[PDB]
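> Need a 3D model of the following:
(5 chains, ligands or ions: 1)
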Amino acid sequence: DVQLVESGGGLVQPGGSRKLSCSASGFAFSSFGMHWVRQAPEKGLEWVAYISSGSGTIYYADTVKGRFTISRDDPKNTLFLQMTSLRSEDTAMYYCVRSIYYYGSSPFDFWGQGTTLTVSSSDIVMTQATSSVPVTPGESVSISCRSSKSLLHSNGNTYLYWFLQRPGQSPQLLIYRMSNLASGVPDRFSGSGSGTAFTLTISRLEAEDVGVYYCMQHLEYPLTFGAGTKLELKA
Amino acid sequence: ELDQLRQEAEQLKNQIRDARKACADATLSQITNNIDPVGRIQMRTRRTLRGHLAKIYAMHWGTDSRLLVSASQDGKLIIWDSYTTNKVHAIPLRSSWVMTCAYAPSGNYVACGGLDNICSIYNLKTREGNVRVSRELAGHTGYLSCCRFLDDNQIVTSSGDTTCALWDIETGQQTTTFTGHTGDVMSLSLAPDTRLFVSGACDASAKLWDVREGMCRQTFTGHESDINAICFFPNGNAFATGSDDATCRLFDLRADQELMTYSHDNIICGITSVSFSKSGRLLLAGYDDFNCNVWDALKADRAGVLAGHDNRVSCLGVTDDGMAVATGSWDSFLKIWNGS
Amino acid sequence: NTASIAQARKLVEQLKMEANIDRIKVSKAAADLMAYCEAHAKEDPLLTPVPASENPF
Amino acid sequence: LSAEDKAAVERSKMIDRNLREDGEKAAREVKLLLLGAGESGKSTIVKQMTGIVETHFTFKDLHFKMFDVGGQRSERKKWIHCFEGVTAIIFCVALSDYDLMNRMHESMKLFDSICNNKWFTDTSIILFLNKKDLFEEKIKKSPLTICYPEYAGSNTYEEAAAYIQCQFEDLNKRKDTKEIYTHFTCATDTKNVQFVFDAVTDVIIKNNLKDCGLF
Amino acid sequence: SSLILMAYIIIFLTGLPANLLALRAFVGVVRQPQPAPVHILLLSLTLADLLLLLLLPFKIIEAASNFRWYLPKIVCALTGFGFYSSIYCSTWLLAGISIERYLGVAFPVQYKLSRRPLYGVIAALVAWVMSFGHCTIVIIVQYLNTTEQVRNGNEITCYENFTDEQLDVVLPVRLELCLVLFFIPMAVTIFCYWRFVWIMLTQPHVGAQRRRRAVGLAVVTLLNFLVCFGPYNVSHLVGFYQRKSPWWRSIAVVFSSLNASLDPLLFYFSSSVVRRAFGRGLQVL
Ligand SMILES: Cc1noc(C)c1-c1ccc(C(=O)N2[C@@H](c3ccccc3Cl)SC[C@H]2C(=O)O)cc1
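Numbering: from 1, shown residues only, chains lettered A, B, ... in the order given. And now the structure:
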């Protein structure tokens, strides 16, 4: 059973330091890449940092570059994120997301539970549709998405990822590479697109399918999540 | 009485030979004289794959014509990415004496076997990032020789106990046992319809079996040494047979007799792998002289020589779309050949 | 002993059924092989080389 | 290359490091093949150190791998090329089987084929003439005339054992490049492992000179 | 001096083409799986020999001019620096190969268990540092003491005519190079080959043909070390006693250049007959 537990959250004064620990159990941590994604209260998702399997390849977001440092302990199966010079804009729920070269891509299938963190006081932009779409069971819903730069690479591969965030639950990957379906995802989800315009179609709607949909691009690094589309029951 | 039964066997053999001669009107060489010759075919290596630390004994292509699996004596199975020359996976093996490998049509499983008489099957789509073994098939006395995948639940396995068997994934039991081979069988090829297969044994005989029942529908003879490789024709009612001598024979299921013989005086080495093209016009066969020879499947005339290995070629492979040819040898090197 | 008798009768039954099967002429079988090669010749990268633009190696 | 393409390339390089580490470690282990004929003292030397049985032991900080292929029950020449390149070949021949067509003639025939095999034209052969204790109690009554008819010596163990060893010594035609080591062991013997260490030491010397280009 | 010119071209026309085949063969082995420490030393020796052969045409220009001619001053300093330092680099590299050979027969178990390509890199780098470091220190002091300072390009030693004053500093330096960069490798090479020969001769389980092809090769390699690199460094000791630069140094350099051409031949072992078969087949085509 794959499990990711995050600990090390609490009240932090501005300008202080704190360490976030994400424990990995039930899978090979050494061969799995790791990502840190934070969600501000009542806001969307944004990438923070990523560490490769061999810890020799590390990237950082522009906002948290320099102040934030990430490290991993393969024998202890624990991910570490040491933070310095915490501001009031860092108040968010941090998620540790595993990644691996799977099916020719690097999906984000499993997401951590997350931990609270409150501080008391050239990039491709992905534009989403309206963030308030009233839906009813039994209907078909299409969610649009746009990208400033074409995601179609020279190898014929389009780097698009679709995520579902249930209310009170960690985000779950549904569609990766704009055409493939993640494991455990019902077949009702379909994805299509060409270059910059993308859409996601659901054949049959269910009461458990509500939540907020997010779109992210893995073209360059610099993975910018979408604004977010929220689906709510009409009744 | 055993002597009377033995004499009756010769009478039945004579009747079969008489029937074959009656149906033998002309020869494929006589009918192919009016067709245009293929000519000279030049093949150049494109991607060379390295990383094996021992001789390569088997190599099977995937359904997508992009993923490649190779087995070596070092005890590791490497899943190669042909397009970019990358290692998708490296499956360690408990036994470093394997001589066969297989790729599932769906790509979810990879099978291997060797002198341990166990056909280990590994899962590639695990929740964890590692490749975990799924089932260890036991029950064979002789050494593993070849294994082929019909679906995700059934696998046909030929061993050195002069007996082929069909296994199950969920339960490690022999669903169907094939008996009738008097010698060691070291190769096996499956039909496109996944209903019949041909096994080449050490008694210079090729036997056609049926998966559903298990009896031998037809038997093919003509060779003078042990048959090391066999491959079904694209169409489905023919196959090419290569033995330890320096000749290759093409047999027709409907004719139940040898069609055309590919041989030359300049070759005195056996064939370790036999493969066909997508259209079936090109016959590719490996050899022990560190060379791979391309034969015309209709005219018995050589079209090209694939000489790029410093050791004996042990395995051959052609993709599903026929857009590439992979050749493995004992020099721990894999090469992909294509035209221009 | 009985092992030889059992083996001998099994081979006789195996050979008897193999002999009594339907067979077609060699020329008819040879023509079918030629027809398949000619029909699929245009879609054979090995026999007919493809340009570098469409060649993925 | 794209973002995920670089990650896939890096993953392949990580496997290359693992393959190199495993290959280097495997190159430091001496590979030995056991080819006893009809359990002629084959199991009495394994304890003194399934189709294939692998026995691993360490002597003088050197890792040894012993492979037993007596249970294959298949054609020998279909897999004898897989073991080509081993450090040495360990051969076990009983000495009390002369009285019991003959059990040593099969051993002589089996020894003749492997010793003259193409894949083993330079591999050292370590003959292990065990069961010498039973030879003392058997040669007193039953002589060697039954096994070998062209024997002119007496029934003494000193000269009869040499005759059996000699018959196993002129069975190879490539005497100028391949050497056969012979030893007389028993159940109580404890120096059998030492002899194998000295036998493989010479093979390492030849390999060492080959690597440096001297030979 | 007439025959000095002739010998240089013979080395150049034979050592250079043979080195490229040797370099191509040795480069592949290092890039081949599981390289040996001796193979790295062999590759380094070929590179040092190739460096010597590259500057050979500069030596061909000399000993054949009519005084006179065209020749720069910076080129003289750089050509002499590369040519002579490569001799000392090859001297230490050859001693390294002799060390590996001795450790093979003497300690086959330890050599097999404790061999890594890293040791070959360190052994080569010691030869690179010792040979080039001493020459670089010599070259910088020359210009630091010359009237033109703040540079290291050198303005002396274009034909090695020290008239009456610089002899007080070259001879102590020449003695130091011979005693350090030559005698230390010479002591190791002689001792290692002497022990190796007396070990393989007394080795019980070695074929008669193997011994002849092994002891003979070791003697030839040892003889080449004492003949090619002998007169060049002996003159250093003779110069100090005679208080003058010996006049026969030019002939001694030619002997050192013989090692660059002869070394590929020493490595042209049984694979050579494959080239003869390859050459015979090429002639047929
Ligand atoms: C004069 C003077 N003033 O300070 C120093 C120091 C010197 C001085 C100059 C020359 C030498 C000298 O004999 N060499 C040196 C040299 C290296 C590179 C290029 C040319 C040369 Cl000649 S190493 C080989 C040897 C030679 O080539 O035979 C010694 C000392």
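> Over to residue E:15: give its phi and psi.
Per-residue torsions, residue E:15: phi -70, psi -40 (degrees, to the nearest 10).
> what helix or strand does the nearest residue to residue A:146 once chain neighbours are set aside sit in?
Spatial nearest neighbour of residue A:146, chain neighbours left out: residue A:127 (4.3 Å); criterion: Cβ to Cβ, 6 or more residues apart in numbering or on different chains. All C-beta spots, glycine's among them, are computed from the backbone N, C-alpha and C. Following DSSP states H and E, one finds residue A:127 within strand A:126-128.
> in that strand, what's buried?
A:126, A:128 (16 or more other Cβ atoms under 10 Å in any protein chain shown).
> Please identify which residue in chain C comes closest to chain A.
Distances between chain C and chain A by Cβ to the nearest Cβ are smallest at residue C:56, namely 10.0 Å.
> so which helix or strand takes in the residue nearest to the spatial centre of chain E?
Geometric centre of chain E, nearest residue: residue E:90, 3.0 Å, by Cα atoms, centre = their mean. Using DSSP H and E, residue E:90 sits in helix E:73-106.
> Same check on residue D:136?
helix D:132-139.
> Same question for residue E:11.
Per DSSP H and E: residue E:11 is located in helix E:2-31.
> at contact distance from the ligand, anything in the helix or strand that that helix is followed by?
Counting by DSSP H and E, the next helix or strand C-terminal to helix E:2-31 is helix E:37-54. No - judged by Cβ under 6 Å from any ligand atom, helix E:37-54 stays clear of the ligand, getting no closer than 13.6 Å.
> Just give me the residue closest to the centre of chain D.
So for chain D, Cα atoms, centre = their mean, it's residue D:90, sitting 1.6 Å from the centre.
> Is there any residue in the helix or strand hosting that one that contacts chain B?
Assigned by DSSP H and E, residue D:90 belongs to strand D:88-94. No - figure legend: strand D:88-94 not in contact with chain B (Cβ under 8 Å from any Cβ of the partner chain); closest approach 15.9 Å.
> Closest residue of chain A to chain E?
As assessed by Cβ to the nearest Cβ, chain E sits closest to residue A:56 within chain A, at 19.9 Å.
> ok, that residue - contacts?
residue D:10 (Cβ atoms under 8 Å, 6 or more residues apart in numbering or on different chains).
> quick one: it is in a strand?
No - counting by DSSP: H, G, I helix; E, B strand; the rest coil, residue A:56 is not part of a strand but coil.
> the helices in chain C, which residues?
Assigned by DSSP state H, chain C shows helices spanning C:2-19, C:26-39.
> Of these, which is nearest chain D?
helix C:2-19 (17.8 Å).
> tell me the SS of residue E:123?
helix.
> and it, how many residues sit next to it?
Residues near residue E:123, counting by other Cβ atoms under 10 Å in any protein chain shown, number 22.
> Residue E:39 is in contact with that one, correct?
No - Residue E:123 lies out of contact with residue E:39 (Cβ atoms under 8 Å); the separation is 11.7 Å.
> and residue B:229, how far is that from residue B:311?
Going from residue B:229 to residue B:311 by Cβ to Cβ, to the nearest Å gives 17 Å.
> try residue B:147
Taking Cβ to Cβ, one finds residue B:147 at 24 Å from residue B:311.
> how big is the angle separating the helix holding residue D:136 from strand D:88-94?
Computed by axes from the mean of the first three to the mean of the last three Cα atoms, to 10 degrees, the angle separating helix D:132-139 from strand D:88-94 equals 30 degrees.
> buried ones in the helix or strand following helix D:132-139?
Where DSSP H and E defines the elements, the next helix or strand beyond helix D:132-139 is helix D:157-167. Judged by neighbour count using 16+ other Cβ under 10 Å, the buried positions of helix D:157-167 are D:160, D:161, D:164, D:165, D:167.
> List just the nearest of the residues you listed to residue C:23.
Sorting the buried residues of helix D:157-167 by distance to residue C:23 puts residue D:167 at the head of the list, at 57.0 Å, by Cβ to Cβ.
> is it true that that closest one touches residue D:150?
No - with contacts counted by Cβ under 8 Å, residue D:167 stays clear of residue D:150, the gap being 9.9 Å.
> follow-up on the earlier one: who touches the strand holding residue A:127?
Contacts to strand A:126-128, defined as Cβ under 8 Å, 6+ apart, come from residues A:143-148, A:215-217, A:224-229.
> Give the pairing partners of it; include direction for each.
Here strand A:126-128 is paired, per DSSP bridges, with strand A:141-147 (antiparallel).
> Distance from the chain centre to the partner strand, please.
Here strand A:141-147 is found 17 Å from its chain centre; the criterion is Cα atoms, centre = their mean, to the nearest Å.
> Run through the neighbouring helices and strands of the helix or strand following that strand.
Downstream of strand A:141-147, the first helix or strand assigned by DSSP H and E is strand A:161-165. In terms of contacts (3 or more Cβ pairs under 8 Å, 6 or more residues apart in numbering or on different chains; DSSP states H and E), strand A:161-165 is packed against strand A:172-176, strand A:211-216.
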